[PDB]
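Colleague: Right, I'll just put the structure down here and ask away after.
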Amino acid sequence: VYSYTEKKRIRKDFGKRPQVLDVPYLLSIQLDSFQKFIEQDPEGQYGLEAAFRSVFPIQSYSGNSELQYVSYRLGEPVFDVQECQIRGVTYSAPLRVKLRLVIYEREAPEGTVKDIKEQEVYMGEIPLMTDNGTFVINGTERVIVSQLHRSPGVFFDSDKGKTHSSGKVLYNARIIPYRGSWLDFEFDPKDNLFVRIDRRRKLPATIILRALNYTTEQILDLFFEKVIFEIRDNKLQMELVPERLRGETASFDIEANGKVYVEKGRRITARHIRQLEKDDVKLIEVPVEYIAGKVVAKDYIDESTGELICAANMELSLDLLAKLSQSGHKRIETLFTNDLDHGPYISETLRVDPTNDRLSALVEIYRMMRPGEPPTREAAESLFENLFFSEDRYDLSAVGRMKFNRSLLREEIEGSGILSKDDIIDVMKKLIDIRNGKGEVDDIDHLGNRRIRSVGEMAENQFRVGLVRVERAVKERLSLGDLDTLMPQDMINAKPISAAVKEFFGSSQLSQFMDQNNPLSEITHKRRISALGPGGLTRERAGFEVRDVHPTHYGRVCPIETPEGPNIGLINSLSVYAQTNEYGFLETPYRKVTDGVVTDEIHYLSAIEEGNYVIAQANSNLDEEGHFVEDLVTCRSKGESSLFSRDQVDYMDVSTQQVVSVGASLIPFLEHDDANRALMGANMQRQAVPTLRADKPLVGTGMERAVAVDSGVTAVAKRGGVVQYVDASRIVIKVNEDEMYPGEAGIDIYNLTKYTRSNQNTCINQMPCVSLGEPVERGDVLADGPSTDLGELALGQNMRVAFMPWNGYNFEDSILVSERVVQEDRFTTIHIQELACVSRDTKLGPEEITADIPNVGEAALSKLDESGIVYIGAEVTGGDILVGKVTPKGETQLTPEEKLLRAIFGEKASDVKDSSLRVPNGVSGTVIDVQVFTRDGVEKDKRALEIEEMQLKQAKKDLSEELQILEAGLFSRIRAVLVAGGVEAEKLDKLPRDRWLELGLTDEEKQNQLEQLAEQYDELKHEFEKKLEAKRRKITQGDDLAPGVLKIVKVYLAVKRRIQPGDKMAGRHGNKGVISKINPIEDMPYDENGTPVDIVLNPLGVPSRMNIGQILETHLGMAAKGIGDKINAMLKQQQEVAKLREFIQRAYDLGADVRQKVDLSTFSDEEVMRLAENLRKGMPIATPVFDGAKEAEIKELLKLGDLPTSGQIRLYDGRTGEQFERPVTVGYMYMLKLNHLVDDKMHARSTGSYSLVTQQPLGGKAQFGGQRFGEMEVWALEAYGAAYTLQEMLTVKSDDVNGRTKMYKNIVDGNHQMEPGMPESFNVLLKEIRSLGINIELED
Amino acid sequence: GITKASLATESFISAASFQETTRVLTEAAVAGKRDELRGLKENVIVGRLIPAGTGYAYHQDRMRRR
Amino acid sequence: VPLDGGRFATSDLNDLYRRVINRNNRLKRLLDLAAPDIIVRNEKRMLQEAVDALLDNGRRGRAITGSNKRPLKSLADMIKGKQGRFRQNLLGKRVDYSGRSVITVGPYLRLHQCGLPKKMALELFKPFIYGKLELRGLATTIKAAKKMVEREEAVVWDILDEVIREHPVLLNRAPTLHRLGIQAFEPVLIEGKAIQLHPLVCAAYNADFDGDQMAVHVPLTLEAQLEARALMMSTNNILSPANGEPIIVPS
Amino acid sequence: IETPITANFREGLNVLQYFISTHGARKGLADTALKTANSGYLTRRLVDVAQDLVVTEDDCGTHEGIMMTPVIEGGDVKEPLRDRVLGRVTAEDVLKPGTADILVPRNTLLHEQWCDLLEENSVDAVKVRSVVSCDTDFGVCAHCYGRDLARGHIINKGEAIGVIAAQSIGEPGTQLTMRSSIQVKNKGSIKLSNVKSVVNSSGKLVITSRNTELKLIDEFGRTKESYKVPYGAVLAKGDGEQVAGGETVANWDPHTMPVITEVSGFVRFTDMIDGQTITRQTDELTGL
DNA sequence: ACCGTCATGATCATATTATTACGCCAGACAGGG
DNA sequence: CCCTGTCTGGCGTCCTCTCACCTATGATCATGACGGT
Ligand SMILES: [Zn+2]
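Heads up: the protein sequence lines correspond to chains A, B, C and D, in order.
Each number in the deposited numbering corresponds to the 1-based position in the first sequence with 1 added.
Each number in the deposited numbering corresponds to the 1-based position in the second sequence with 1307 added.
Each number in the deposited numbering corresponds to the 1-based position in the third sequence with 252 added.
The fourth sequence runs 755 to 933, 948 to 1056 under the deposited numbering.
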């Protein structure tokens, strides 16, 4: 079955793979993250409650006072979104917090407080998010973009090759906390082990192991095994486990049990290890040279002298053995220090250590942190407990503790946010294991190590920084005042909190201005995974590997949609199905392929769970049950593609659209384009502009409805029902009774957004697309937006294209367009500019907005009123006066003399300089909206009161229409109530509406229903009255302005541009081009029917720039228009619905096993005529991305129309009238106009303004400036022999002021001659070098 | 090498329009160095004719008339 | 200078000089105040660091900052760097009588001439048109001529075709790498807003037509018109200077 | 990657094949967008080292200049002499390859007509004047530069050659990338240079010099091939000999540095004592 | 309805701390066989 | 005393276009609204 707007124009759909998971709501990152941020969240985390429970309770400097936390609450915003964008306020909500003050007594902090106080306090204004997923910061709609950064936890990197220039790789182990001090263990080419803290000075690593109160005996107990030597009657025998001897060449003949096992000069084989462990050999015999370099573990003391025989971690010599042998020790514990197995890295590290106990280690750490100051044991304890071991200054998150347990092969993924002793010891153990040769290092670009922050987490962090500044302030004030007399709003102030969150949402590196000129550009700017910003890398520094697609971007981050230029691969865009995990990683759906059958359950895999399993590719053929029809199937195991067996697979992809993003899944035939041209096509499809009447894509991907509905430019129905009143302003839905609340009677009103300014100066319009009396379903479009049509997504328009070289006018990439295109007004877009005129107060006098202007004509002022502000709807050109404003200046130094002189003349003679607001140079259009903002306490002029009366009548009429049509629905429900149970058929409509609420009826649910509808009537009346008074007091009151500005007049122009030679058009595959000549109709190549082609492209761009998808799109577009022409022929002849049903059914079956399977036998002879009314301008065809329409299907659809099979029609010429040889390719391509127009780039300057510090011309176009004759152009004129051209190019034309006035006089008198002089900026160089101690001069 | 050779020139404006200006200006200042201009970029800085192209006749004339 | 509003956007050097003078006044008052040895040593040390921060900021330990954490720019940072005086105002300058627009093909051209729009032509050649208008006798004062071309009457287009005729212009594509990226043409006036550029010449500029832009420069004086015609004309650059291969090869 | 992309663009690429393609193309876009900075900074360093050098004389009055030969790596002759000595003024007068003839004089520019009369006579190599041998104080004389290159004649007195040279080297910086024995090919005559050799017992002329250059000279006089032959190699041929096309003429073992002799006699172990100097390692799998 | 008390906005000098995550490539410096 | 890791400074592409946004504060006279007589 189909929805009613899907019976308007049902898009033909090729495609073979039956879908199982539809496209999710595309704005779920923004909305779900910010819903996670601001919501009443119990059990501590996440949200604002994490900050308010981690920074509170603020306890004082031993004054026994404490400011603890209860709850919080956000009130309603004072301004809704529309008033906020008009006026210019933040769209914020006040954050009320309930804080409590307790004050303990003396001698008992475990005793009773004498007094508490709990109260409401105001702090900050956090800006809310609109339903589109955007913020309104100062009247401009902004987006905070997700950041891709390093996952907190341990990370074992390997500094490969480059250091020490000898190939010896290093290994470092960076512990990355979520908040606190970093910690980098590493090696050095002497194979010592070095710690460092926050990239500071370097210490040997075991100095922190003493700082955790480990003795050296315990350290060697941890980081090494033991070797036991027993002195038993002969040569100091040894306990020997032969696994240590795997490949070691002994120094003697190892024999045991009277049997020679190992010979001198040979090594111990594995089978000799098997012999020694099979015979269970324990004690062997060593020479005196065997313990010549064995390292003792623990301290041995002589019992007689009380001295030290040998210190811990010391090699043993002959005299040390002679000392400990005669002291009474039979057991000797040493360490095993092999070449391959276990290096003595800990032992060499302890030999570099000067420290000996806990105190000296804490002193050295306190000294490397803060250099050159006296340490104290209390200060060293406090610092080292506040580096890693305190809840305040150090905090791994749950993400950090998960990675730290997972990368150390733990079991519990839950732990504390602080470190411990076992954590650092396991980091050093894993680092030594990686150095020993077992285990692997961790790459950086692997997406199991890249977390995604979003709006909620970053706003929480900035709010937490605001709270730690305010806890500094509260710790200052709380124990330095008189208690009890104050309340907890005199202490805490809202300035740092609001400053922090307002600085983050106002100007950050990630809170950026929304590129809004297209529904696609909105919905793909909100889904952006930027690597830049705070905590990430920078563009001009890094690098190589991060600008490259890793093998685990498959289905998480799009590989082909990224901006080319200085940041490729850093401004990644997130894919279609890619959600975000609980912790912050990326996860993507799969289908659990149990042993034979592809089960239709979806199952979300992360980036590290994907690697262990084995995933089948998306388009693998399966026969109606899930059994894979091949016995070798293409899969990928551990980041590496291969060919696997039938039933060793564990997952299948969901749909074939999931590698790409929503920017590059609206490209039909994506699998035929080379990836560079698909990248450029997706980026230019983002850069489109909305035309005047957007049409549709004939060749789409079926993804248009998700991008249109799941964005916020269309007016989606909330509750379905029957339309009651359509208008260009509003749309009224009457809600069906099986969807309807019992109370609040309810018929919905959609106030559409008519012509208003977007951010990119386009024209964000909404047009109603429903008829009257029409049913609509829940979840359905009512009003099309900009670049939409019937709920689809129509960016550009589809035009008749031919690929042929045509007389050179399409030489490199150019495009040649018939005048039939510009006559049909089909690339005419609507822009809205917002010109502003401020009127301040100078210290020479205030400015005025009077209509009287000095030294202008009356014809220049006839477009103004009596008040000096332009009428609504007068077409102005460049230079017309919109706001007549003159500078209220002068001031002749006051005094009595001038005081009595001003009385004679009176008022102001002519002390008013002209500074009126004018139209910019070279636009046109219509004044559509004028606003007058005025500071309260200043006289409002006549047009200000006129606009106030206009808006007051508009608001009162609009709210009266709200109440009237709403109660019209309510009385129409009342009549439906009174007919059941006591009908008055003809009696009811005579007696008035007041006496419907108080007519009697039987006591049932019907009388309770009457009571409900009555109280809803009366409540809506009183609510109407109070909100009308509130709306009037909002309109009539003054407006906040900048300090020292009287009044602001804003005028909205609506320009209506067109096409010309120089604009940029482009298709959807990377075929760019400046349109080069707008030919007449007659010159176009026509065919043997009569129709001229509209656009003549260039064929030579196809074999080099390998975008072969545009030719398949051209042929399938011609097939679509062939079906549309046959429908137009079968309908223009007024044929009955039977033949239309026949032909539309044949055009909708037409293929292999497909997904569509429609039938027109359930459309009932009236929808088929309206469906053919919508198909007569062409039949829309869906072609999904990697499961598209093959060549034979395009041929069979070109055979259904009577078009030629090869797609090529022979074409005649327009000029000569004789045939082009070798018939050419025509069809329809869907081409987009880009907003790189030519009357926004063109600029010219003879002589304008000049800069102030260096007397050179200004830069830019808005400032009337000149083009930079840069350094390489100076080199290119040195490279010729052009010497006078360069002399006037950098002395006369640019800098020398007397030189250029002599030049201007000489040019207007006909004498081409230059008086050179000196550049004035060289004199600026002399003053800047001379302002140092340097004495630069000019000799002779 | 080319950056060590263009910074080691007998004309400190030629070696100051290029990389580090601090090192070259202190070396030229404490040496009391003097820049007999005589090249292309000194005359692009100071605003006169290039002594290569059309201006080579002008610099022949000026070098002859000293 | 103040920006648009009521406050003064002050430079960084005024912060540096104002701190040196504040500290120097404090040190004169202390040396006057007979303060002890510490006072004067910290005071003179703060003056030393203030002077050292004024001259070359940041060569000493972490550079001082006004707003917000970004360091403020000193005198040596007005000299050195990519944005000092050498690389930004003395080797490369911004230039009057210059223009810029999007290019397009126009294959009817001969290879010594390029298309140039009428609006750019009337803006770049305002003084020549003023001189021509004052020669004929149509107007009197300069003001009258500026009103005439501000209104764009019917007689200034003949004046414009009589100032164009034998007057070359320097077309320049924005990444100029070798000397064939600045070439001089003769204008042919274009109804339009896009520079029409002869196609063969495109292989010299590395200019396709996918949205490119070029700048036009006007040789003002008479020696510069002769250098544009005799050295930099597009007919004169038919061989690449790197070798012997022709650069006007058909593309 | 061991599994290729067997599908072209007219057939459809499936998902994995397009993803491997995107690896290969993202690397290229990152390389161009980061390569352009080094290309521009190279042009800047080059035009600021050049910056001064102006053609300022007409003859430095010298007789020195570099010896332009065709360059040969070991394959077929890569860049012919007419590409290197086109439009560069000769240092001394080139002798015709027959005997002691003044074929071209000693200060003639070699344009295309002179280079064709050089190619007819098969001239070996030309001693030509180079810019690095110019004796001009503060500039380059007009003959030691050469042809104008975009003008047919010699360089004019004045034209800045340092800047056009620096631009011409640094301008192709974008197109550049950023990130057993001897088998003869043709059929000609053998010649050896830097050779000190000896005949072995079998007859193959072995070489007692490491730095020996093996040239293959044709029947006309020009040098068509060149190779480097190590110390102690088995040459199948000898000096001045004629060979066939494809015949192996050299042989050696690089993993075994030959300590071959000049004379014969008996061998004594001088300062070779087993135990300290040398060691006894009897072979496992052979016994010798 | 006039007089006195609590509250709330102007002008004004006071003077600097608890983040890290480039990649060579010269050039100068304390350490040690 | 001649190698040597190690540390510190000094580079890192030109041209153009659009948009928004630049510390906090600690102390007090004088204006301004609220309540008693
Ligand atoms: Zn010379």
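We put the beta carbon where it would ideally sit given N, CA and C, even for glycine.
Given a limit of 7 Å on CB to CB distance, which residues of the region 776-809 of chain D reach chain B?
Modeller: Listed by position along the chain: 799, 800, 802, 803, 805, 806 and 808.
Colleague: Output the distance between the C-alpha atoms of residue 146(A) and residue 511(A), rounded to the nearest integer angstrom.
Modeller: Using only the alpha carbons, I get a separation of about 6 Å.
Colleague: Kindly indicate which three-state DSSP category residue 221(A) falls into: helix, strand or coil?
Modeller: It is helical.
Colleague: Got a sec: is the Cβ-Cβ distance from residue 491(C) to anything in chain D below 8 Å?
Modeller: Yes - at least one Cβ of chain D is within 8 Å of the one on residue 491(C).
Colleague: Given 7 Å as the limit, tell me if residue 366(C) has its C-beta closer than that to any heavy atom belonging to ligand 1.
Modeller: The answer is no for residue 366(C).
Colleague: For chain C, is any of its Cβ atoms less than 8 Å away from the one on residue 673(A)?
Modeller: It does not: the Cβ of residue 673(A) has no partner Cβ on chain C nearer than 8 Å.
Colleague: Of the residues that make up the region 1308-1330 of chain B, which ones have a beta carbon closer than 7 Å to any beta carbon in chain D?
Modeller: Those would be 1309, 1310, 1312, 1313, 1321 and 1325, in chain order.
Colleague: Would you kindly report the start and end of the unbroken beta strand (DSSP E) that includes residue 1051(A)?
Modeller: Note, residue 1051(A): beta strand (DSSP E), 1046-1057.
Colleague: Under 6 Å Cβ to Cβ from residue 922(A), same chain only, skipping five residues before and after it: list those, please.
Modeller: So the qualifying residues of the chain are 879.
Colleague: Taking 8 Å as the cut-off, does the region 1231-1241 of chain A touch the region 1066-1077 of chain A (at least 3 CB pairs, one atom from each stretch)?
Modeller: Touching, yes.
Colleague: Are there any heavy atoms of ligand 2 lying less than 7 Å away from the beta-carbon of residue 806(D), as far as the coordinates show?
Modeller: Ligand 2 is not among the ligands present in this structure, which contains only ligand 1.
Colleague: Among residues of its own chain, excluding the 5 on either side of residue 773(A), which ones have a beta-carbon nearer than 7 Å to its beta-carbon?
Modeller: Excluding residues within five positions, the ones whose Cβ falls inside 7 Å are 724 and 727.
Colleague: For chain A, check one thing: does any of its Cβ atoms lie closer than 8 Å to the Cβ of residue 1381(B)?
Modeller: The displayed coordinates of chain B run from 1308 to 1373. Any statement about residue 1381(B) would go beyond what the structure contains.
Colleague: Going along the chain, which residues of its own chain have a beta-carbon closer than 6 Å to the beta-carbon of residue 325(C), five neighbours each way excluded?
Modeller: Result list for residue 325(C): 264, in chain order.
Colleague: For residue 937(D), which residues of its own chain have a beta-carbon under 8 Å away from its beta-carbon, when the five flanking residues on both sides are left out?
Modeller: Because chain D is numbered 933 and then 948 with no intervening positions, residue 937(D) cannot be located in this model.
Colleague: Can you tell me which residues form a DSSP beta bridge with residue 1080(A)?
Modeller: Bridge partners of residue 1080(A): 819(A).
Colleague: Would the beta-carbon of residue 1342(A) fall within 8 Å of that of residue 850(A)?
Modeller: The displayed coordinates of chain A run from 2 to 1341. Any statement about residue 1342(A) would go beyond what the structure contains.
Colleague: At a Cβ threshold of 8 Å, is residue 337(C) touching chain A?
Modeller: Interface residue, yes.
Colleague: Rounding to the nearest angstrom, what Cα-Cα distance links residue 875(D) and residue 1291(A) in this structure?
Modeller: Their backbone Cα atoms lie some 54 Å apart in a straight line.
Colleague: Between 1077(A), 875(A) and 1096(A), which lies nearest to residue 1053(A) when the distance is taken from Cα to Cα?
Modeller: With distances taken between Cα atoms, residue 1053(A) lies closest to 875(A).
Colleague: When you compare only the Cα positions, how much space is there between residue 398(A) and residue 409(A)?
Modeller: Cα-Cα distance, rounded: 17 Å.
Colleague: Is there a Cβ from chain D that is less than 8 Å from the Cβ of residue 333(C)?
Modeller: Output row for residue 333(C): interface = no.
Colleague: DSSP three-state call for residue 351(C): helix, strand or coil?
Modeller: Reduced to three states, the DSSP call for residue 351(C) is strand.
Colleague: Mind checking who residue 110(A) pairs with in its DSSP beta bridge?
Modeller: Note: residue 110(A) sits in no beta bridge, so no partner.
Colleague: Restricting to Cα atoms, I'd like to know which of 448(A), 316(A), 391(A) and 706(A) is closest to residue 420(A).
Modeller: Nearest of 448(A), 316(A), 391(A) and 706(A) to residue 420(A), Cα basis: 391(A).
Colleague: Leaving out the 5 sequence neighbours to the left and right, which residues in its chain are closer than 7 Å to residue 639(A) when beta-carbon positions are compared?
Modeller: Counting only Cβ-Cβ distances below 7 Å, and skipping sequence neighbours, we find 612.
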